[PDB]
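The analysis underlying the following values was restricted to heavy atoms, covering all of them including side chains, and did not include hydrogens, waters or symmetry mates. A, B, ... follow the sequence lines: proteins, then strands. Residue 1 opens every chain.
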Amino acid sequence: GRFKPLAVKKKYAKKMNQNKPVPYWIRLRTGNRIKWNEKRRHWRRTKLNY
Amino acid sequence: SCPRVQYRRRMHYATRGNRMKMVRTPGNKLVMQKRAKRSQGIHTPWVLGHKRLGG
Amino acid sequence: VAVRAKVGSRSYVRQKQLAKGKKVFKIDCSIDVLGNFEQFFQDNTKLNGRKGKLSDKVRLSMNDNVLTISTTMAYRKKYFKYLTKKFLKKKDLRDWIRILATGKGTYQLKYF
Amino acid sequence: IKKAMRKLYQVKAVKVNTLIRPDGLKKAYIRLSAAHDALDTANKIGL
Amino acid sequence: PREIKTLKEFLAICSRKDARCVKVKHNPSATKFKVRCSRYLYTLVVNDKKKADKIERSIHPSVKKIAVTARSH
Amino acid sequence: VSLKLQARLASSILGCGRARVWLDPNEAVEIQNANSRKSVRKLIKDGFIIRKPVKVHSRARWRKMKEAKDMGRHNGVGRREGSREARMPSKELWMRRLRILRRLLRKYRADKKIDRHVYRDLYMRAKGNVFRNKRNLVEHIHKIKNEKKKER
RNA sequence: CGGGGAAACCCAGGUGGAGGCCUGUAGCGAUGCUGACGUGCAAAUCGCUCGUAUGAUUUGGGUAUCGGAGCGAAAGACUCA
RNA sequence: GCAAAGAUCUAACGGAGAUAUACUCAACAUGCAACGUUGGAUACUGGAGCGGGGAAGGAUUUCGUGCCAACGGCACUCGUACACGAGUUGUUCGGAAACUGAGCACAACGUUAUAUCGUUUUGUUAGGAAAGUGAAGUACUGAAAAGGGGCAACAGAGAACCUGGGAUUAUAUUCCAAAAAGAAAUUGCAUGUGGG
RNA sequence: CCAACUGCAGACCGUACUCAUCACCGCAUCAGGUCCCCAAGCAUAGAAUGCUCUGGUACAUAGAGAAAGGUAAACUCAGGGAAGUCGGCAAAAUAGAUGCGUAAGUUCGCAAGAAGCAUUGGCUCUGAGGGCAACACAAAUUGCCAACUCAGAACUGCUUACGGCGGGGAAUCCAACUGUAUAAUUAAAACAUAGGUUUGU
RNA sequence: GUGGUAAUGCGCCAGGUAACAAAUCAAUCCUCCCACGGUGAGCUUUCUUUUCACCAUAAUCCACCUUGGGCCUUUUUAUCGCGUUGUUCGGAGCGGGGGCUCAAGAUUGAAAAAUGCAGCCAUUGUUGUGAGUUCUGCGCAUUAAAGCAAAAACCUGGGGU
Ligand SMILES: [K+]
Ligand SMILES: [Mg+2]
Ligand SMILES: [Mg+2]
Ligand SMILES: [Mg+2]
Ligand SMILES: [Mg+2]
Ligand SMILES: [Mg+2]
Ligand SMILES: [Mg+2]
Ligand SMILES: [Mg+2]
Ligand SMILES: [Mg+2]
Ligand SMILES: [Mg+2]
Ligand SMILES: [Mg+2]
Ligand SMILES: [Mg+2]
Ligand SMILES: [Mg+2]
Ligand SMILES: [Mg+2]
Ligand SMILES: [Mg+2]
Ligand SMILES: [Mg+2]
Ligand SMILES: [Mg+2]
Ligand SMILES: [Mg+2]
Ligand SMILES: [Mg+2]
Ligand SMILES: [Mg+2]
Ligand SMILES: [Mg+2]
Ligand SMILES: [Mg+2]
Ligand SMILES: [Mg+2]
Ligand SMILES: [Mg+2]
Ligand SMILES: [Mg+2]
Ligand SMILES: [Mg+2]
Ligand SMILES: [Mg+2]
Ligand SMILES: [Mg+2]
Ligand SMILES: [Mg+2]
Ligand SMILES: [Mg+2]
Ligand SMILES: [Mg+2]
Ligand SMILES: [Mg+2]
Ligand SMILES: [Mg+2]
Ligand SMILES: [Mg+2]
Ligand code: NA
Ligand code: NA
Ligand code: NA
């Protein structure tokens with residue numbers, strides 16, 4: 001609901017900023033192994049519980 | 001049919017300090033407005049009778 | 001409420017009357033069929049719960065495409081709009097002609 | 001924020017409203033005193 | 001909002017250094033002079049047009065006079 | 001094409017449910033072009049979107065039945081489901097009767113038809129359930145006055 | 001408040017609204033069908049029927065007592081399947 | 001096996017999702033089934049609501065434009081899915097600043113080989129010297145006032161603001177600009193007008 | 001020094017959305033679980049139950065369609081009426097309101113809705129029950145007006161016809177009673193209870 | 001500081017507010033129904049002076065009739081009077097005549113038509129009665145071997161300054 005402390009809000013904001021796909025040019029680098037993020041999180045699959 | 005109202009001041013429990021009244025506005029809407037608490041008023045000492053003072 | 005009502009008394013319902021007054025209503029039909037209209041009102045304006053037989057209490061006149069009703073009894077202005085719609089229902093004009101109030105005591109015919 | 005507006009641009013702010021966004025940054029809505037034109041200030045800023 | 005009962009009091013208020021403007025409102029049978037001032041809006045009601053004209057004419061030129069109308073919708 | 005956005009905005013602007021918003025089925029191209037509340041307001045002004053009236057719920061049958069009931073129909077032995085006390089509370093009946101009797105006695109004492117002694121005598125009897133109605137009490141008062149006249 | 005009585009008291013009509021009182025919703029439970037289901041909607045649920053429903057009543061948040069210890073209107077019940 | 005919660009029908013528009021054919025053959029007997037939107041019809045929820053707002057819990061699921069590989073145990077042109085770009089505005093609303101409750105336990109003291117133990121609101125810490133101030137006379141300086149410091153209620157106490165808006169795609173008792181659409185209340189410090 | 005007027009200033013954090021037959025817990029968009037506020041019309045005693053305007057919904061895989069055998073918050077059944085079965089299990093059955101009437105037993109409170117008998121529709125009428133306005137005693141009367149309930153009469157009709165709503169009687173055993181209680185096979189005669197008694201101080 | 005016989009009106013220490021339960025009966029705001037009237041829409045083969053919708057007024061201020069409590073002064077009451085739906089009050093001052101106060105409404109205005117709504121540069125614009133509702137008032141007598149939190153902050157007085 002409405003209430004949360006600011007520190008909790010900032011932790012949730014960092015997770016929101018992290019939840020993104022790999023930019024395409026990263027796959028073109030010499031000797032690259034990254035294909036997908038593999039740390040993607042969906043709100044309805046795994047809980048953070050902050 | 002009829003109108004139904006909501007709380008507007010972020011406290012949704014009907015305690016003695018959160019009494020409401022229903023008022024119709026110039027825009028023809030029905031809204032809740034908070035009713036102030038009231039004091040019992042000035043009294044003589046409790047041991048002497050506890051009566052309300054004139055004037 | 002003070003006096004219990006009887007079924008048999010439903011044969012005579014009498015309108016209230018104007019104490020020291022006389023009301024006037026006018027319908028502006030300015031916009032061939034000026035007949036079949038005054039007489040339509042004459043034989044279809046209910047008075048004292050009885051159609052037709054308009055005595056001296058209600059009077060009509062059709063002047064310059066305008067129809068006036070002068071009465072000393074209490075009538076709602078809505079009643080003559082109701083009669084006008086009943087009239088326009090028969091001739092099948094309701095899709096073009098409409099009636100709108102234009103002032104106190106005054107109705108007017110208009111186009112859609 | 002009001003004092004910084006006065007220093008950085010020669011404008012006077014009559015009202016500052018603030019919020020903290022869900023991504024963590026702070027945003028300010030700043031109203032000028034109607035003796036300055038926000039459009040001209042925006043043009044000078046370059047936006 | 002406060003009422004003013006007298007022309008003398010209305011003049012004294014209209015001449016204060018904080019009277020921003022006076023809105024003149026015409027009603028079917030009365031005229032209302034409303035002075036914005038600083039904390040309160042002051043209203044003087046006149047029921048006579050012959051006096052209302054002299055009041056509308058006796059205005060200082062430091063204060064602005066505004067005719068109240070229904071503004072563009 | 002989908003006019004969901006226009007229907008939602010028109011519901012918000014006109015202040016009704018979606019069942020009362022009417023979108024013209026021949027002006028779909030025009031309605032497709034409105035993306036803001038301002039544009040939808042212009043559509044409403046031009047008449048491609050209108051508000052329908054509510055459905056009818058008529059009270060005519062109830063009014064006719066009420067006329068019959070006031071005349072005295074449909075309330076016999078076979079139509080009663082609640083108990084007599086639930087239909088007409090005896091405490092309410094007693095309160096009405098006693099208030100009537102006390103008001104009558106006050107009027108007579110103020111108008112000087114009876115004195116304080118007769119008032120005080122009848123007040124306690126009215127509390128004691130000696131008089132069944134206003135006419136009963138009035139007849140008792142008249143009997144008192146007649147006997148007093150003869151003896152005096 | 002009416003009637004009776006030497007007295008002590010007795011008979012009757014109202015008013016009033018008591019109770020771990022009665023019938024019955026919401027709530028809190030769980031009798032019978034030994035009904036459904038029994039690789040379930042569900043690692044205990046569903047339907048009808050049934051107990052109680054102003055009290056030793058039901059319920060939110062806070063707070064206090066645990067592992068040979070705690071808590072228990074006492075079933076070796078319950079202490080995160 | 002995908003059977004509780006009664007139920008859909010019709011036309012037009014949209015879409016690759018059709019009216020999709022070798023001879024022969026006018027059409028049936030050789031392209032079925034299924035979908036979104038608008039209008040119309042028919043029903044259901046039935047104010048202890050598949051209505052409108054909040055706490056706990058969740059944390060972008062919210063809004064717009066696209067897209068339809070996987071996922072939404074049938075389906076999809078649709079989605080709480082996927083991509084890109086956006087959105088939460090307060091002197092007065094809730095909290096804190098600033099109350100006390102059931103309670104907690106820092107200091108002090110005691111105990112223990114061991115503090116990671118005990119006491120700590122029945123007016124109240126500690127064998128216990130726990131007060132740092134106004135005022136008088138420019139900071140300074142030094143008389144009174146037993147019982148140390150703090151936490152614990154977003155439903156108890158406390159708490160100065162109301163309507164209108166043609167003002168959003170999405171926020172509003174928070175946004176609106178001098179005719180502030182406007183009308184108020186309240187706190188701090190300074191001017192001057194009257195009175196001490 | 002004291003209002004009041006006027007000038008200037010009024011800091012911090014929260015604020016999207018959800019709150020559930022899809023946003024929370026139950027491995028899931030699971031017929032389970034989860035605190036608070038607002039609450040319309042008619043029938044009716046009514047927050048029972050049935051239907052409806054406002055707001056909401058047509059989402060839960062569908063189509064064609066007379067097998068047997070199932071499940072049901074689905075029905076009937078001639079004659080008999082518990083013969084069935086461990087056992088009337090299940091089903092049937094009673095039923096609202098008003099008047100009359102009501103046994104043994106009893107801690108005098110009850111038992112009791114004991115048991116039982118009768119009436120009830122529709123239509124047209126009649127009566128009763130009120131308010132405030134105008135030392136001398138039938139203003140003991142004139143006018144105006146509301147809201148519903150109860151009682152009586154004439155005429156007329158039944159195919160006994162929505163929903164909702166106790167079956168009753170005579171006895172034995174146990175426990176005084178209301179309550180609690182083996183979450184997931186035991187709700188009892190078990191536990192508690194008021195009352196009685198004893199012990200330490 | 002100052003008026004009125006008075007109830008009471010105007011410019012360190014001691015009390016009070018915060019501060020607390022049931023039922024009954026009245027209840028205001030608000031909701032619903034009805035009567036009368038204005039505006040729009042529906043039905044119309046027939047019938048229907050008809051059926052449906054709408055007719056709005058926020059905080060904050062000015063001035064000053066009704067109900068319910070407490071009290072003052074004058075006339076002094078008694079087996080007797082006053083009063084509630086209800087379990088009661090009076091020489092420790094009942095009732096009547098005049099007043100003083102408090103609580104809750106009302107009625108004037110200001111705000112405020114300049115707003116809102118609905119037909120279409122113009123029209124409209126509402127006043128009465130029932131029923132239900134816990135604010136509030138009935139001041140602080142619900143079972144009771146049950147008797148119904150506290151503090152900050154604030155208010156008034158007694159004293160001296
Ligand atoms: K199969
Ligand atoms: Mg009784
Ligand atoms: Mg009971
Ligand atoms: Mg019961
Ligand atoms: Mg055992
Ligand atoms: Mg199937
Ligand atoms: Mg089904
Ligand atoms: Mg239905
Ligand atoms: Mg959380
Ligand atoms: Mg699928
Ligand atoms: Mg995503
Ligand atoms: Mg903020
Ligand atoms: Mg404590
Ligand atoms: Mg301490
Ligand atoms: Mg604290
Ligand atoms: Mg609070
Ligand atoms: Mg606040
Ligand atoms: Mg929103
Ligand atoms: Mg919000
Ligand atoms: Mg909810
Ligand atoms: Mg579920
Ligand atoms: Mg989950
Ligand atoms: Mg129900
Ligand atoms: Mg038989
Ligand atoms: Mg046998
Ligand atoms: Mg046998
Ligand atoms: Mg059985
Ligand atoms: Mg019987
Ligand atoms: Mg027992
Ligand atoms: Mg029992
Ligand atoms: Mg068990
Ligand atoms: Mg069992
Ligand atoms: Mg036992
Ligand atoms: Mg009460
Ligand atoms: Na079974
Ligand atoms: Na109901
Ligand atoms: Na048979």
Legend entry - Two-distance pair criterion under 3.5 Å, Watson-Crick or G-U, for I:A28 and I:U156: no
Inset, instruction - Answer with base, sugar-phosphate or nothing: what part of the nucleic acid does F:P25 contact at a heavy-atom distance below 4.0 Å? - result: sugar-phosphate
Inset, instruction - Decide, applying a 5.5 Å centre-distance limit and a 30° plane-angle limit (both strict), whether B:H12 stacks on H:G53. - result: no
Inset, instruction - Measure the acute angle between the ring planes of E:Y40 and E:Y42, then classify it against the limits of 30° and 60° as parallel, tilted or perpendicular. - result: perpendicular
Inset, instruction - Describe the nucleic acid contact of E:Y40 in one word from base, sugar-phosphate, nothing, applying a heavy-atom distance below 4.0 Å. - result: sugar-phosphate
Inset, instruction - Quick one: look up who H:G66 pairs with, Watson-Crick or G-U, both distances under 3.5 Å, and put none if it's unpaired. - result: H:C82
Inset, instruction - Would you check if I:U120 and I:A82 are a Watson-Crick or G-U wobble pair, both distances kept under 3.5 Å? - result: no
Inset, instruction - Determine the contact category for F:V54: base if any of its heavy atoms lies under 4.0 Å from a base atom, sugar-phosphate if only primed atoms, P, OP1 or OP2 are that close, otherwise nothing. - result: sugar-phosphate
Legend entry - Sugar half of pseudorotation for I:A78 [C1'-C2'-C3'-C4' sign: + north, - south]: north
Legend entry - Polar side-chain contact A:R2-I:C13 base: donor and acceptor under 3.5 Å: no
Legend entry - Residue mapping more 5' on RNA chain I - nearest nucleotide basis, F:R59 or F:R20: F:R59
Inset, instruction - Just call it for D:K27: base, sugar-phosphate, or nothing, with non-hydrogen atoms closer than 4.0 Å on any strand. - result: sugar-phosphate
Inset, instruction - Run the pair test on H:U77 and H:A143: Watson-Crick or G-U wobble, both distances under 3.5 Å, answer yes or no. - result: no
Inset, instruction - Select base, sugar-phosphate, or nothing to describe what B:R38 touches, counting heavy atoms under 4.0 Å on all strands. - result: sugar-phosphate
